[PDB]
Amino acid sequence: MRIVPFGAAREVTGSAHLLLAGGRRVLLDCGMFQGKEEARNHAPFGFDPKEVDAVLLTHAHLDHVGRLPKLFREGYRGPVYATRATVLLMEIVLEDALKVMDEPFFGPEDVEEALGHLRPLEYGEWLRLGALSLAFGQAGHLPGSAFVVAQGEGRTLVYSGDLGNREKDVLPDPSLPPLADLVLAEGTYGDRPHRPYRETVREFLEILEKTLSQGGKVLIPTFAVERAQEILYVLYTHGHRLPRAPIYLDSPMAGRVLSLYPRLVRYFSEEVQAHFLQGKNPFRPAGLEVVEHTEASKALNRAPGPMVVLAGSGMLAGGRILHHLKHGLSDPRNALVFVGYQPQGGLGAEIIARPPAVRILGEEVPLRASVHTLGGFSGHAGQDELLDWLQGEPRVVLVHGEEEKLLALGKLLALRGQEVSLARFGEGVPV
């Protein structure tokens, strides 16, 4: 068989990998490009959508799944397999991008068309494409996230998909992959491990007990998919020693995603499933609110008292979070907490640098609130974890991640006796 990198090549967005084997052609993920690499969603996949036999989707994030509708707009009518959890989130994931997105490739008819071909495939459930044999394995990066195990023609291939951070408590641990002739694996964080989870939560709680006791605000830029609810989970557990204060989840989609969590209980960790059994939703702490429109959202900019805000655009420069950042942040009683590493070159990194003042929404805002950064609350497996997962696997082709980082992981794998390479766009790899 041969697998062909059509997406996350020396870059993190665009995940799309074509598998040519068993006299068949199956697409592994079909996501969009993001940020600066936008526009390329307008270009075409170096392959023919109409010649695809079937597509398997690992998790529902926008990369990995954002171009799928484009694949249908361009002909494809075969099935698209994913787990229920991925199927359900995906509708929210797409519908949203369809709206927010400007000069949008693909459109509404495309989304239903694409959505109409989703067929449920669960962990350890084998799909057969004539001589081809595929199964999903537990990845623990999002509810319903999987890695692909592909067997056929005496060989076995494993595409990692995004691998989760096994220290956190919400999702279940990623499973080790089976011994395979070749592994297509992600390298987001191939250059470093994350700061231990326990210490991060322990610190999170200090920043909260402080800011809140002094009547301050705790702004938390976060992603609306798994990230926000996970904070909420941290806030429910532990919410017995934290000062009473409203918890505004100022993001409709984090809302929609959250609403969906109870239908997905089987997709979470044992700890989490235990709470659900005991008739409790651990993703709704003390006084959670979920704001719906901007009037209410801006009223928060002026309201005082102790408060905790979770707002859209995790990597800043985007959502309601900026208005929250504009007012407040100029006040020392507050505290900004990043629950994801910020990309350098973008605001945030610019804020971490502690410049006396920052530019937000065309204004010059005095930076006086305390700023804290908590990688550790990361959703991807870190270097040390990527290493253990890859363990004893000959041949590894690194995809999904900035060149330098991908390489850093590569170096270590290489120094260990593993054959390593960095997938190139279009250049298929064998087996």
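When you see a residue number, it is the position in the sequence shown, counting from 1.
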item: Of 356-364 and 218-226, the one with larger mean CA B-factor; value: 356-364
item: Given 161-169 and 312-320, the range whose Cα B-factors average higher in the PDB entry; value: 312-320
item: Deposited CA B-factor, highest of 139, 97, 265, 201; value: 97
item: Candidate residues 273, 344, 281, 237, the one whose C-alpha B factor the record puts highest; value: 344
item: CA B-factor ranking of residue 45, expressed as a third of its chain; value: highest
item: Where the record places residue 301 (Cα B-factor, split into thirds across the chain); value: highest
item: Ranked against its chain, the third holding the CA B-factor of residue 400; value: middle
item: Residue 126 by Cα B-factor - lowest, middle or highest third of the modelled chain; value: middle
item: Residue 60, C-alpha B-factor rank within chain (lowest, middle or highest third); value: lowest
